[PDB]
Amino acid sequence: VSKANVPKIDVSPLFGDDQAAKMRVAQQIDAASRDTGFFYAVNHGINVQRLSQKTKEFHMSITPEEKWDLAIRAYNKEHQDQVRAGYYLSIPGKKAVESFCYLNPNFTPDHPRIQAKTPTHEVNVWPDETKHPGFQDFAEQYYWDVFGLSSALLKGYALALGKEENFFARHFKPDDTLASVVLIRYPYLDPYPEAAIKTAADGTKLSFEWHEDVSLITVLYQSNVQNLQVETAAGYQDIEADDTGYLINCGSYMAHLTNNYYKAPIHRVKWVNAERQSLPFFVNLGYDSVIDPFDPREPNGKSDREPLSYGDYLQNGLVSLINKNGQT
Ligand SMILES: CC(C)[C@@H](NC(=O)[C@H](CS)NC(=O)CCC[C@H](N)C(=O)O)C(=O)O
Ligand SMILES: [Fe+3]
């Protein structure tokens with residue numbers, strides 16, 4: 001029943017050249033990462049009003065025909081090459097959530113990872129421009145807008161851990177990042193399908209069960225409806241909503257790299273009967289990216305943990321999350 005301490009951090013110095021100001025932001029990122037694991041990034045410079053409005057226009061105007069045409073393999077056997085990118089359909093009376101996922105716009109048929117058929121790389125699919133004017137242009141621009149914000153946040157995390165500010169960001173590149181945007185619609189439904197509600201061990205009704213994120217960090221915009229909870233030793237705590245800020249947390253690749261110094265917080269989504277948006281950007285590195293693990297608690301930083309290539313981590317992590325928490 002209690003509320004999580006989720007600080008609001010002004011991240012604007014991370015876009016600048018005042019090095020001491022950057023360190024003061026890094027200290028706040030460190031403090032939040034060692035407490036509940038969540039913070040809100042404010043003063044981030046992204047037009048989140050336009051994001052929410054264009055996402056709503058898309059979700060509310062797409063038709064069943066278009067959803068089949070864009071559907072991932074789980075919903076359309078014809079689309080064997082769409083495991084990640086495309087439309088994730090709701091199932092009326094059974095499954096409420098629906099979403100649209102897209103990847104690096106630089107993944108084209110020309111791209112070498114696409115020509116090589118490397119797992120987790122796909123070419124995006126888009127709706128018809130004449131039915132959804134300007135949607136693809138908006139979505140591709142948004143990808144690079146939130147890429148820029150994430151690059152800045154990664155400098156803060158690096159400084160927080162005592163590393164040079166490009167320690168993570170040097171692996172986060174426009175030509176090969178596996179980062180994804182997911183545009184999730186959580187609808188208002190009356191009656192709400194009981195099959196779409198899960199009951200937690202503690203009795204709480206949920207839309208999505210406990211999990212750690214498959215990411216380096218997760219950069220999340222949500223509309224102003226409270227839904228997230230974070231697990232602490234004393235139980236789950238509510239995360240207050242803020243539809244002007246981005247909610248940030250670490251994923252399990254950060255926990256691995258840091259020998260669990262920055263844990264990947266376990267969190268879950270409460271069931272709320274309300275029309276709302278959940279728009280995550282999953283900060284993923286490149287397929288071949290490897291960061292040597294270190295232990296910030298040790299003077300010498302020595303860690304015995306194996307370096308893990310990001311591509312293998314991502315492939316395994318996405319499948320495991322489907323197996324554990326269900327096809328979304
Ligand atoms: C908790 C939110 C981030 C959101 N949940 C989610 O987005 C959940 C848990 S982090 N994430 C996923 O299912 C992984 C999507 C990965 C994506 N298809 C890809 O190929 O990269 C929700 O609102 O349900
Ligand atoms: Fe999550």
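Numbers here mean position along the shown chain, with the first residue as 1.
The backbone N, Cα and C atoms fix where each Cβ goes, and this holds for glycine too.
Under the heading isopenicillin N binding site, Swiss-Prot lists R84, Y88, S180, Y186, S278. The Cβ neighbour count for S180 (isopenicillin N binding site), using a 10 Å radius over every protein chain in view, is 23.
According to Swiss-Prot, the Fe(2+) binding site annotation covers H211, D213, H267. Neighbour count (other Cβ atoms within 10 Å of the Cβ, all protein chains): 16 for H211 (Fe(2+) binding site). The secondary structure of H211 (Fe(2+) binding site), as reduced to three states from DSSP, is extended strand.
DSSP assigns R276 (2-oxoglutarate binding site) to a strand. Annotation for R276 (2-oxoglutarate binding site): spatial neighbours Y186, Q222, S223, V225, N227, criterion Cβ-Cβ under 8 Å with sequence separation of six or more. Residues annotated as 2-oxoglutarate binding site in Swiss-Prot: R276.
What Swiss-Prot records for 173-285 is domain 'Fe2OG dioxygenase', and it gives sequence analysis as the kind of evidence. According to DSSP, the domain 'Fe2OG dioxygenase' (173-285) comprises 9 helix, 48 strand, 56 coil.
Taking the Cβ of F208 (site 'Transition state stabilizer') as reference, residues of its chain lying under 8 Å away and at least six apart in sequence are, in sequence order, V97, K198, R268, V269, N325, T328. If you look up Swiss-Prot, you'll see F208 marked as site 'Transition state stabilizer'.
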Would you list the other residues of this chain near Fe(2+) - those whose C-beta lies within 8 angstroms of the C-beta centroid of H211, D213, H267 - in sequence order? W210, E212, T218, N249, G251, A264, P265, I266, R268
Between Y88 (isopenicillin N binding site) and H267 (Fe(2+) binding site), how many Å separate their Cα atoms? 22
Pairwise C-alpha maximum, in angstrom, for the residues (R84, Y88, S180, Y186, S278) that bind isopenicillin N according to the record: 19
Roughly how many angstrom lie between the C-alpha atoms of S278 (isopenicillin N binding site) and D213 (Fe(2+) binding site)? 15
Those binding-site residues, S180, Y186, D213, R276, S278: which ones have a Cβ sitting under 6 Å from ligand 2? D213
What kind of secondary structure is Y88 (isopenicillin N binding site) part of, going by DSSP in three states? strand
